[PDB]
Amino acid sequence: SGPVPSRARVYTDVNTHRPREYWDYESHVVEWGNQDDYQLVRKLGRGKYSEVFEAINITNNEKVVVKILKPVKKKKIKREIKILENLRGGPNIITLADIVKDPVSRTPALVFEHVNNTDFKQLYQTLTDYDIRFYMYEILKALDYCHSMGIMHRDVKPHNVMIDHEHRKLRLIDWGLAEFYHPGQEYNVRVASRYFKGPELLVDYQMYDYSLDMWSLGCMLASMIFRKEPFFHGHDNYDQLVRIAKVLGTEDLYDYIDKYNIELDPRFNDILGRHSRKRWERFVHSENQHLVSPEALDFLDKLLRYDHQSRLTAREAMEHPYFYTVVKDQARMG
Ligand SMILES: O=C(O)c1cccnc1
């Protein structure tokens, strides 16, 4: 009685068949640019894995973003570089422009294209029903692309979606937790950010896949349409699953655990309780009702499922009625 194995329903074997060099990032030899081409202009933020600046290319006065890598294994940096290179040019994928050796930090620095974005804490307050549909669709194009390329993002969240709203321009950023999908691999569950972690991570089911990103995306959609960011606000990873269970219910949670023969951590015992599945209408109120439609709720419901195999894929999600008018709008004659 260990856990039952799982496979991605789509894109299962896309790496199997690639040249080894595509996915074998530990063998990757970095192409270094010239650090003296860039000057830091203003700090944007700083966290566990890097400090991030707006910067300028002083050879041509172009704005860029520089992410100075904190010290980590060479393999971790190679993974992020290789993924960025493999995905470069794909729809809504941030473009890695250069890789340099930062002299002061003694570490590599990644140079990205600049997106003039609006902080999601201000932007989300202003989004219309159409805007949510449009940007959702844009994120789905990036996720279908990366999934189709054999890569899980593993950190989908609002902070990692840059939006230049006047240009209706979106880029999926921060590929530092991303990894290649290989069928049967048991992955590290210490990925994503708490509020966006899928149930698979929270119950310690390691044989997960691209579908993790679809849970995170559902969390983002809930936060948009209901004006509640983040939607599932746990205090820690255990309470995070409790928050989910108070909405999706405990019946379906325990069904999922049974199906995969998961051994549930006993710290859950005193905390998970017994909860009915709630209707999404419980979250509707006068300030969000204009964002909520039957289509939005049907789509959300098909993302936020305990069983990772039963969530929509990105490519299926793009066909949902919620997106009909966005799809029509983007069929441009050129
Ligand atoms: O990928 C990143 O971490 C990144 C990309 C562009 C801008 N800021 C951060």
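Sequential numbering from 1 along the given sequence is applied to the chain's residues. Values reported hereafter were calculated over all heavy atoms of this structure, with side chains retained and with hydrogens, waters and symmetry mates removed.
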Given the options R79, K75, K82, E179 meets salt bridge (charged side-chain N to carboxylate O under 4.0 Å, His left out) only with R79
Item to complete: Please lay out, stage by stage, how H308 and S6 fare under the test side chain to side chain donor-acceptor pair (under 3.5 Å).
Response: CA-CA 9 Å; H308 54 281; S6 179; 2.9 Å; yes
Quick check: does any side chain N or O of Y25 sit under 3.5 Å from a backbone N or O of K76, one acting as donor and the other as acceptor? no
Taking C-beta and beyond as the side chain, do [X] and [Y] meet within less than 4.5 Å on heavy atoms?
X    : Y    : answer
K141 : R315 : no
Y11  : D144 : yes
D204 : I262 : no
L212 : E200 : yes
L127 : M224 : yes
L272 : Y238 : no

Exercise. State whether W32 and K101 meet the cation-pi test: NZ (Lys) or CZ (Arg) under 6.0 Å from the six-membered ring centroid, and within 45° of the perpendicular axis.
Key: yes
Does [X] share a hydrophobic cluster with [Y], counting links as ILVMFWY side-chain heavy atoms below 4.5 Å and allowing steps through other members?
X    : Y    : result
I93  : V156 : yes
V65  : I68  : no
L110 : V115 : yes
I58  : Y38  : no
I94  : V52  : yes

Show the numbers, then the answer: is there a side chain to side chain contact (heavy atoms under 4.5 Å, CB included) between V292 and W280? CA-CA 10 Å; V292 179; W280 289 118; over 6 Å; no
Output yes when [X] and [Y] qualify as a salt bridge under the 4.0 Å nitrogen-oxygen rule, no when they do not.
X    : Y    : value
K67  : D174 : yes
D209 : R7   : no
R305 : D301 : yes
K259 : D255 : no
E287 : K228 : no

[atom1] of [X]: more than 12 outside heavy atoms within 6.0 angstrom?
X    : atom1 : answer
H290 : NE2   : yes
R46  : CZ    : no
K43  : NZ    : yes
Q39  : CD    : no
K74  : NZ    : no
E281 : CD    : yes
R9   : CZ    : yes

Exercise. Apply the test side chain to side chain donor-acceptor pair (under 3.5 Å) to residues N288 and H285: give CA-CA distance (whole Å), side-chain angles for both, the deciding distance (0.1 Å), then the verdict.
Key: CA-CA 6 Å; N288 69 25; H285 55 60; 3.2 Å; yes
Can you say whether the rings of [X] and [Y] are parallel (under 30°), tilted (30 to 60°) or perpendicular (over 60°)?
X    : Y    : answer
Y306 : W215 : parallel
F120 : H159 : perpendicular
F180 : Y22  : perpendicular
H233 : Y195 : parallel

Paired with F323, the ring-ring contact (aromatic ring centres under 6.0 Å, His included) test is passed by just one of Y135, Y137, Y130, namely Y137
From [X] [atom1] over to [Y] [atom2], what is the distance, rounded to the nearest 0.5 angstrom?
X   : Y    : atom1 : atom2 : result
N86 : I81  : CG    : CD1   : 12.0 Å
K78 : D24  : NZ    : CG    : 9.5 Å
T95 : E113 : OG1   : CD    : 3.5 Å
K73 : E26  : NZ    : CD    : 12.5 Å

message: Counting the benzene-type ring for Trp, do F231 and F283 have ring centres under 6.0 Å apart?
response: yes
Check: Would the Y210 and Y181 ring centres measure less than 6.0 Å apart?
Finding: yes
All heavy atoms of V191 vs all of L177, minimum pair found to be CA-CD1, 4.2 Å
**Prompt:** Step by step, would you call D37 with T59 a side chain to side chain donor-acceptor pair (under 3.5 Å)?
**Reply:** CA-CA 6 Å; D37 285 347; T59 76; 5.0 Å; no
Could you walk me through whether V64 and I56 satisfy the side chain to side chain contact (heavy atoms under 4.5 Å, CB included) test, starting with their C-alpha distance in whole Å, then the side-chain angles of each, then the deciding distance to 0.1 Å, before giving a yes or no? CA-CA 6 Å; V64 298; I56 187 156; 5.9 Å; no
Donor-acceptor pairs under 3.5 angstrom involving side-chain atoms of residues 243-252: please list them, not counting sequence neighbours.
residue : atom : partner : partner atom : Å
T250    : OG1  : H275    : N            : 2.9
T250    : OG1  : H275    : O            : 3.4

Practice prompt. Go through the steps for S193 and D155 under the test side chain to side chain donor-acceptor pair (under 3.5 Å), then give the verdict.
Written response: CA-CA 6 Å; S193 299; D155 200 21; 2.8 Å; yes
#### Entry: Side-chain donor-acceptor pair present, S310, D307, cut-off under 3.5 Å
no
